[PDB]
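Structure first, commentary second.
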Amino acid sequence: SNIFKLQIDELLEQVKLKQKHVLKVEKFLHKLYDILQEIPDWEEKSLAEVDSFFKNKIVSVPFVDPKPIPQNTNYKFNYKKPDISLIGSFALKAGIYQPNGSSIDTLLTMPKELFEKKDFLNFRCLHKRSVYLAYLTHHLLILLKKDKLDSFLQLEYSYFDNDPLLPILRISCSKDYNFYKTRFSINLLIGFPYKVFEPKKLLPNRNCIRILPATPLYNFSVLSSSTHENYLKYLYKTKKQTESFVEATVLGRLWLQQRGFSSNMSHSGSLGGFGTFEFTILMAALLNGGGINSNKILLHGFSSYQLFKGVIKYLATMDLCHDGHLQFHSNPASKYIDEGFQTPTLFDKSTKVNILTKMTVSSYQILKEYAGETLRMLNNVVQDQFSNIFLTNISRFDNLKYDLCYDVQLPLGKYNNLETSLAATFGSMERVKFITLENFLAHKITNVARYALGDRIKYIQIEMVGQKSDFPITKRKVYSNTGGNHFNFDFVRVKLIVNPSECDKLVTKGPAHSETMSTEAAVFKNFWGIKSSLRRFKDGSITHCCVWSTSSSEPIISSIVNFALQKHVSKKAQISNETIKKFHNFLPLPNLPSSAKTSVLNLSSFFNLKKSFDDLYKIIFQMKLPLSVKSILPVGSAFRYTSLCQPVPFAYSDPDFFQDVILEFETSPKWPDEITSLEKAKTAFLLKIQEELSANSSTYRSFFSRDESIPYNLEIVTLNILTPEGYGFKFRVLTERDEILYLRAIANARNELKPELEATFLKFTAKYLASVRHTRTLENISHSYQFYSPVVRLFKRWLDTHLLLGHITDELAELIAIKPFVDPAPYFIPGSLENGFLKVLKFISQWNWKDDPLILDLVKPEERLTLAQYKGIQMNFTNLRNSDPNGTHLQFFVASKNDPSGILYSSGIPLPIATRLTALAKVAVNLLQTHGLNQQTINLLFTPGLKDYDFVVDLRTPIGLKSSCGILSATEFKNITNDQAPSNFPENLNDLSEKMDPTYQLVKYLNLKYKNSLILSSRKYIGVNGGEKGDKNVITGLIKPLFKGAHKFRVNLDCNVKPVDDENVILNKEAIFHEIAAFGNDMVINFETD
Amino acid sequence: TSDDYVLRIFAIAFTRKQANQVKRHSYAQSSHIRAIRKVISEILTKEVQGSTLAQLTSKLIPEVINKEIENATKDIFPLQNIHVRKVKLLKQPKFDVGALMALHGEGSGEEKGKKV
Amino acid sequence: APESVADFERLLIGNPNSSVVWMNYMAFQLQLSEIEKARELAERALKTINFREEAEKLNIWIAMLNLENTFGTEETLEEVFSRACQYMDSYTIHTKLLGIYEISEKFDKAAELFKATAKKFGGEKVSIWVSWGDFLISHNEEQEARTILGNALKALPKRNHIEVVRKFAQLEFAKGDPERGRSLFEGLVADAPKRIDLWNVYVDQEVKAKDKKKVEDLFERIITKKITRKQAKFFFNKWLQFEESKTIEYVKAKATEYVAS
Amino acid sequence: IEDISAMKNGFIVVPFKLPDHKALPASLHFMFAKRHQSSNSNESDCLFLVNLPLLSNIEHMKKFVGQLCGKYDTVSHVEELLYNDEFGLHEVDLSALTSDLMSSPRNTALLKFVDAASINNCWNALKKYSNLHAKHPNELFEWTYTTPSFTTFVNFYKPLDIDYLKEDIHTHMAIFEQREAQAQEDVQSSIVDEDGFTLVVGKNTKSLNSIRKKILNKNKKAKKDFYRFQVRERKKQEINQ
């Protein structure tokens, strides 16, 4: 805890202006409460004359639903001089600079002689409050208009905490005396006196309003309006106890406003419910109580970080909702009791209200989980994430926070049009359990969502987009027609984070079957109805369940929430989602039996490939060699489940077809000395095994292949097995002599080819030695991180459309995609393709190069890298790129446990390609944060983005490669590709080139030829982005900033030349494009300049 | 292992009577015994730690760390038949239902007809 | 104008091979007087340049030897000298270290390391003899630059003897003693007067050293020596143009006499 | 312009034609030229050419000089292009780097000839060729295209013929085991030094080069007591401090 205190003080120093900008607004409120002190009063009045007294003016009166009919009018109104209290947050001086501004708590308390012993029923006290606020705000705007400062200052009606039971006054300004340069509002509230009554008519376990159901928001709102001064007395006595409270609450304020947990409500269908002032209150109660023995939990001696981690630990692992809550009394131990109130709860024995009742069970669930993971990521000592714990607005982009989102577009209409529009209840019995239509609608949506999905979702949240708490003065409500209804939401957004293990289980096992039909069986029958059934499973038990026809273009949770809303909330509430359907099938649809009907978490193509590999494995073992196989093991992309297309049998044309398996022989000393002879002996062994394979097992076939990726030994030969199941394998022999041969070469070579030969050794140990450990670790991790395989497939697709796969390799993409899966520090472990893909994009837009080494510890949830190895990785990084200035060639640095060097997978790619990747990530994240997430937004993201830079050359091989690549093109006729995918390896084997595509080898040889003067990118997976017919590819590429203008020629300028000046030549574009076209007359068709 | 399994993996070894020998003994000098035990613990520690448990089974079945021990240890002593004879698991990581289903093949339990 | 290190970093990232502005940015760090940080940027240039560009690497070695001659200590000079001789072409970086030495005007240790370099590799390379002999004849060590010929004829064989005493004669014609140079060259005159390029550069050196009667004797003995049909008009196209730029018709008679008999 | 015919530092410009393109109607593929030599026999009477075209091998040079001997009727017989490393594949040699067998420029092509008067005739013919290429691009010497690029390097993607690489591994192993065995016995019996000495070899080591580079790569217990002067120094240190 040596750098974290300095980080805390610097986080404070991010906002330490609590003296300069506080004085002018506090003298503004000084004038304001002087005016309130000199407001002249009024005596008792009648509703049936103050209605016309406000009708004839422009100002009108708000109301709790509904307006009081004079048949029940027996209350006596008043308009008195209020005792005004400037209390709360900026009385404590806990300043935070916000774009929407903080607010000083200021309350017009009620005088003692306009209430009685029955102010707890039929909302006539709230109607008094509405008319009292109406006349006091008319009086205040009259006094402002006579004082003549109206031009800068204005006043608005608003709800307190987005709640219609308490409308309040939002004092704001506009563009000598104009205030525009600090927190842009204060809020005038109106409250009730303290000593009123006793808890039996004050608890949420009573009722006197007419039909005894619970009245929770009613006796929370009026009790917090009446009795909230012991809170301030206790707050200042804890302020006198310890000094860490103001830094503690600004810490919690930054925490909860980056979590988006403002003080509105979760009952209203909004994120929040929990508040920063409730955080202060619970912290002040936890400095004395919280233990099982009613212990002092937080001592009032230590500093702010310890009590902050204490309150996070208490609301992380100790329960407040279900099993247990903390009772308390401000005015003498505070006791944790083990029973629960089935609500987010803590109890008062000197106030007798429940301070967490502004939030629901779902918001308390998500807050307890956030507290648990933030306790977990603050406890760990191997790496500090203060900048990941307090410097990330995860609420700025909402779909980054949640796994998936749906929209409810419902035109229900009128408050009296309720019955035929929605299929839920109606009456005073529900209108005293809840408050309004949207409140009980949101609660019903939570209940039907959690009973519709069960434990197929981690956590559920629900909000009302189109909500407007800023309703004007002359209007009695937010009286807005929000697209089909007269209620305050444009549509209803339901967000889920889902349990990715059983996220797509196609049946949902409800309750078991018996003769006596139990109550949960009746619940399940009445809840599902026409799609419920009772089935026997294979073990023999009988369970009520519901089958779901799964699909590839959807998750089944879409259809489940569709049916379980169109059965319960409304039979016309249309569910609209298109983002999932748009880039959930951007993965290439593999031409398999029923693969459109199968899900996306199915890996049966990979498992079929591994079954064919096990057949080849047994055949290659139980033969006989002069030096038998020690260990054969695959290393390929299908074996690590990150091939772009799922491997269908007989798909020749995919460049990810030939997976590589390596085999190591016994450690024999009789291997030869030099590299050409030992590689030739490896060819001898491969010739032997293919000879015996064609001898004994004629159903397989073999053909050799030269390799060129390991440079400066042209004699490296692999064989490729074409298996009768339909897959191919590329066999590479590894020997024990190889890495010591390369180290022999490194040691004895000349002293200027050392980094060149080190780059050769880097490519060798990237292809042979450490890639085994890489595929083992990620293949082990791809079963606890389920969505890793689709997010790597989608990222490889997206990077192929944005033209980087020619230079960049697979392992960078895989470690990039495993970064948000293993490091959930602002977020969760991603359980949807959408959330995972934009998590990856947000991260690599955030990604620095000079001060962000990418360290990974590839491990399942709940081993890692130790502290000494982490310091070693950091020292490797800092000496590596302080000797390196800014990455002239070493752009990316990606370290793991498998490779502590870091440069193993990133060495080789050029700075234009790396900068293009980072700038394109920045383009994508600002495009998503401003243009909004939409289907057209997603398709415009997945445009190729040529961004025409010096050439685009358009290719055409004579065959549209979808049939031989094995992806149906969303064709409605399955038979027309079932008879077209050539499900037989050809008899002659020299046709594989012309049924394949050569464009990657052409652009690779061209890039290594012109490596100094122009880089060349291309597409390589031609079937997934080369048009619907799948026949198009480009060769794009940048010219070097040296070779923009002309350059004087020498013997080593290394370029094709156009000598027009006798000294300063230029590269002849017509000649280089024409030798490209001579190289690809059968391949290229078009050329475009500019 | 590369997973979180831990193995008390064993190994047994025997002195070969060398060919063209005469003496009945064929005894190890007990300072060769420390060398053989050091190199055998080192190489089978490498063979475990560079592998997962499924890979450890698929390389223990066709009896290949035995021949690897004999090849890397025939330099010091002739060493009649080598075996491993015991692998005892002492701590298991977690369940990982998906990984266990991946070790066999996938499967999705689905409907049977109600008819009532 | 480049006056900021961020702009110099932008220029070196825009082109990494160009040792001219590499050494110029390192000399900019010398303008702010950071010798150790200039050596850090130096080894940065070493690790960043494409190693195939030997001429710009040679300019980097100019920069290294300039830094450790003018600013650093001589133990660090021999350290970077040792890493230079183990990296790149030792004889060329030796003779350009000697060139930087003669520009920086140090002589006392320079003659002893002339002796050291002649002991190491002077027996089969000639630029060391060029620089050593020219330095001695210019710094008034005519006796030492005459007894260098003993070690020259010692180490060098017959194949290179003619060239080493020829360049000795050239140096002692230009900034030395012409009678000493002629005493060196008349042995090769008696050895092979058939050789034509040495005779032509000998009469040219006598032209530029401005000995009227001796160049008369040379140009009137050349035709009496062995002369073929190209060599006649070649030396006459030298001789008539040298005397133009009475004794002209006296050789115009023989220039048409010798084409007949 | 095209009317330039000779560069600054002696380079001779020799451009070429381009075939029919499906998007372009050109006919220039520039190239420099230079006569030079070195001491060895591989680089006698040789010519630099900078900016070689993509895969203009020996056969392409034969067709070019056959068109040249049709035009100017000179003497021209080409054999090989040393330093044909235009890809970036054969800069370092790993075999000579770490082996015994076959022990021990930039994007150019160094082409040697059969005679010095042949390279003189071709060089002066090439200067006049550069001049006519400068004057007119239609009456120009040109090199045709039968494309070993098309025969070899478009269709990489090929099964290797089994008889070919089988006879290759047979011949390569047959010469390699022979030279390895003779080097092994040569280091195993290398007893005589010229002055009396016997080289220690070690058991089953295979090469004199191996022990040489090993010995290039491979490049006390005093007491603090027990002497009279040292215990005087110790007691003097104890007397002082």
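Going by the structure tokens order, chains are called A, B, ..., each with residues numbered from 1, while ligands are numbered from 1 in the order shown.
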
Task: Who sits within 9 Å of segment 988-1005 of chain A, only C-alpha atoms, same chain under 2 positions skipped, as a PyMOL selection string - done: (chain A and resi 652-655+703+806-807+955+957-959+961+964-965+985-986+1007-1010+1016-1020+1022+1033-1035+1079-1080+1083) or (chain D and resi 87+153-159)

Expected file contents, prior selection, N, CA, C and O atoms, as a compact mmCIF listing (two decimals), in the first residue's frame:
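Result file result.txt:
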# COMPACT_ATOMS: atom_id res chain seq x y z
N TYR A 652 -11.41 -27.77 -49.62
CA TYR A 652 -10.02 -27.57 -50.00
C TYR A 652 -9.60 -26.12 -49.85
O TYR A 652 -8.55 -25.82 -49.27
N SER A 653 -10.43 -25.20 -50.35
CA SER A 653 -9.97 -23.85 -50.66
C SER A 653 -9.78 -22.97 -49.44
O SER A 653 -9.27 -21.85 -49.60
N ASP A 654 -10.15 -23.41 -48.26
CA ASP A 654 -9.92 -22.59 -47.09
C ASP A 654 -8.44 -22.65 -46.70
O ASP A 654 -7.89 -23.74 -46.55
N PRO A 655 -7.78 -21.50 -46.53
CA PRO A 655 -6.37 -21.52 -46.11
C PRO A 655 -6.15 -22.03 -44.70
O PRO A 655 -5.02 -22.40 -44.36
N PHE A 703 0.47 -36.27 -49.69
CA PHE A 703 1.27 -35.56 -50.67
C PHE A 703 2.16 -34.56 -49.95
O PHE A 703 1.75 -33.96 -48.96
N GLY A 806 -2.94 -10.39 -43.80
CA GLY A 806 -1.75 -10.73 -44.57
C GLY A 806 -0.48 -10.53 -43.77
O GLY A 806 0.41 -11.38 -43.78
N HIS A 807 -0.38 -9.41 -43.06
CA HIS A 807 0.76 -9.16 -42.19
C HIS A 807 0.57 -9.78 -40.81
O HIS A 807 1.45 -10.49 -40.32
N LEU A 955 -9.10 -8.85 -58.01
CA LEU A 955 -8.78 -10.22 -58.38
C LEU A 955 -10.02 -10.96 -58.86
O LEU A 955 -11.15 -10.62 -58.50
N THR A 957 -10.39 -15.22 -59.48
CA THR A 957 -10.15 -16.60 -59.85
C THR A 957 -11.39 -17.12 -60.58
O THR A 957 -12.48 -16.57 -60.40
N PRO A 958 -11.26 -18.10 -61.48
CA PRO A 958 -12.42 -18.49 -62.30
C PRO A 958 -13.53 -19.24 -61.57
O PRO A 958 -14.52 -19.58 -62.22
N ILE A 959 -13.42 -19.51 -60.28
CA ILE A 959 -14.45 -20.26 -59.57
C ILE A 959 -14.83 -19.51 -58.31
O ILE A 959 -13.96 -19.17 -57.50
N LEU A 961 -15.67 -19.54 -54.80
CA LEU A 961 -15.11 -20.58 -53.95
C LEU A 961 -15.99 -20.93 -52.75
O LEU A 961 -15.48 -21.49 -51.77
N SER A 964 -16.33 -25.09 -52.79
CA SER A 964 -15.12 -25.75 -52.32
C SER A 964 -14.57 -25.14 -51.04
O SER A 964 -13.56 -25.62 -50.53
N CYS A 965 -15.20 -24.09 -50.52
CA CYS A 965 -14.82 -23.54 -49.23
C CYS A 965 -15.77 -23.98 -48.13
O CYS A 965 -15.39 -23.95 -46.95
N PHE A 985 -12.19 -36.22 -52.38
CA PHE A 985 -10.89 -35.74 -52.78
C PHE A 985 -10.60 -36.21 -54.21
O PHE A 985 -10.97 -37.33 -54.57
N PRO A 986 -10.01 -35.36 -55.04
CA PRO A 986 -9.84 -35.70 -56.46
C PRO A 986 -8.82 -36.81 -56.66
O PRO A 986 -7.96 -37.07 -55.81
N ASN A 1007 5.11 -8.88 -51.10
CA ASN A 1007 5.46 -8.07 -49.94
C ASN A 1007 6.91 -8.28 -49.54
O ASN A 1007 7.60 -7.32 -49.20
N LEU A 1008 7.39 -9.53 -49.58
CA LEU A 1008 8.80 -9.73 -49.26
C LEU A 1008 9.73 -9.27 -50.38
O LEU A 1008 10.91 -9.02 -50.12
N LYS A 1009 9.23 -9.15 -51.61
CA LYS A 1009 10.05 -8.57 -52.67
C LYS A 1009 10.17 -7.06 -52.51
O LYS A 1009 11.28 -6.52 -52.52
N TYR A 1010 9.04 -6.37 -52.36
CA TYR A 1010 9.04 -4.92 -52.24
C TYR A 1010 8.89 -4.47 -50.79
O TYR A 1010 8.24 -3.46 -50.52
N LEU A 1016 1.89 -4.34 -48.81
CA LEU A 1016 0.74 -4.84 -49.54
C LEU A 1016 -0.13 -5.67 -48.61
O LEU A 1016 0.33 -6.69 -48.08
N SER A 1017 -1.38 -5.26 -48.43
CA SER A 1017 -2.36 -6.05 -47.70
C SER A 1017 -3.36 -6.66 -48.66
O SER A 1017 -3.53 -6.22 -49.80
N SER A 1018 -4.06 -7.68 -48.18
CA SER A 1018 -5.02 -8.41 -49.00
C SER A 1018 -6.09 -9.01 -48.10
O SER A 1018 -6.08 -8.83 -46.88
N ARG A 1019 -7.02 -9.71 -48.73
CA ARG A 1019 -7.89 -10.65 -48.05
C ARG A 1019 -7.36 -12.05 -48.33
O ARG A 1019 -6.80 -12.30 -49.40
N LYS A 1020 -7.53 -12.95 -47.37
CA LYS A 1020 -7.08 -14.32 -47.56
C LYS A 1020 -8.18 -15.36 -47.47
O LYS A 1020 -8.11 -16.37 -48.17
N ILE A 1022 -11.27 -15.95 -48.82
CA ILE A 1022 -12.02 -15.32 -49.91
C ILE A 1022 -13.51 -15.63 -49.84
O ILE A 1022 -14.32 -14.81 -50.29
N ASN A 1033 -11.23 -10.48 -54.40
CA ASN A 1033 -10.17 -10.16 -53.46
C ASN A 1033 -9.45 -8.92 -53.99
O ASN A 1033 -9.51 -8.61 -55.18
N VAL A 1034 -8.80 -8.20 -53.08
CA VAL A 1034 -8.08 -6.99 -53.46
C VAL A 1034 -6.63 -7.12 -53.01
O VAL A 1034 -6.29 -7.93 -52.14
N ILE A 1035 -5.78 -6.32 -53.64
CA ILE A 1035 -4.41 -6.12 -53.17
C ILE A 1035 -4.26 -4.62 -52.93
O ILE A 1035 -3.97 -3.85 -53.85
N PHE A 1079 2.05 -11.15 -63.40
CA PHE A 1079 2.04 -12.23 -62.44
C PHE A 1079 0.65 -12.82 -62.24
O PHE A 1079 0.53 -14.00 -61.89
N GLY A 1080 -0.39 -12.02 -62.46
CA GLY A 1080 -1.75 -12.46 -62.21
C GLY A 1080 -2.74 -12.22 -63.33
O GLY A 1080 -3.87 -11.79 -63.06
N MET A 1083 -5.47 -14.03 -62.71
CA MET A 1083 -5.97 -13.71 -61.38
C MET A 1083 -6.56 -12.31 -61.31
O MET A 1083 -7.72 -12.15 -60.94
N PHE D 87 14.34 -11.96 -53.82
CA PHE D 87 13.25 -12.19 -52.87
C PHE D 87 13.66 -11.80 -51.46
O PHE D 87 12.96 -11.01 -50.80
N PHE D 153 6.10 -20.48 -60.32
CA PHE D 153 5.80 -19.67 -59.14
C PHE D 153 4.44 -19.00 -59.20
O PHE D 153 4.30 -17.83 -58.85
N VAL D 154 3.41 -19.70 -59.66
CA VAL D 154 2.04 -19.24 -59.49
C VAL D 154 1.30 -20.38 -58.81
O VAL D 154 0.38 -20.18 -58.01
N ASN D 155 1.81 -21.59 -59.03
CA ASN D 155 1.12 -22.83 -58.71
C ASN D 155 1.87 -23.59 -57.63
O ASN D 155 2.15 -24.78 -57.81
N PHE D 156 2.23 -22.89 -56.54
CA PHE D 156 3.17 -23.35 -55.53
C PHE D 156 2.75 -24.68 -54.91
O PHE D 156 3.43 -25.69 -55.13
N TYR D 157 1.73 -24.66 -54.06
CA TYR D 157 0.51 -25.46 -54.17
C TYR D 157 0.60 -26.72 -55.02
O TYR D 157 -0.22 -26.90 -55.93
N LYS D 158 1.57 -27.59 -54.76
CA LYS D 158 1.77 -28.70 -55.67
C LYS D 158 2.30 -29.88 -54.89
O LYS D 158 3.12 -29.69 -53.98
N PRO D 159 1.84 -31.09 -55.19
CA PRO D 159 2.54 -32.28 -54.70
C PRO D 159 3.94 -32.35 -55.27
O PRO D 159 4.16 -32.09 -56.46

Open item on the list: I need the strand (DSSP E) residues of chain B per DSSP on the backbone, written as a list in words.
Closed with: residues 6, 7, 8, 9, 12, 13, 14, 80, 81, 82, 83, 87, 88, 89, 90 and 91 of chain B

- [ ] Write out as a VMD selection string the residues lying within 10 Å of residue 4 of chain B, counting only C-alpha atoms and excluding same-chain residues fewer than 2 positions away.
- [x] (chain A and resid 859 to 860 863) or (chain B and resid 1 to 2 6 to 7 52 to 53 91 to 94)

Go through chain D and flag each residue having an atom no more than 12 Å from chain C; for those, report the closest pair of atoms plus their distance in Å to one decimal, using only C-alpha atoms, ordered by chain and rising number, as a Markdown table.
| residue | atom | partner | partner_atom | distance |
| --- | --- | --- | --- | --- |
| D:91 | CA | C:52 | CA | 10.4 |
| D:92 | CA | C:52 | CA | 11.9 |
| D:105 | CA | C:52 | CA | 8.5 |
| D:106 | CA | C:52 | CA | 8.0 |
| D:107 | CA | C:52 | CA | 11.3 |

TODO: State, in Å with one decimal place, the distance from atom CA of residue 10 of chain D to atom CA of residue 127 of chain D.
DONE: 10.6 Å
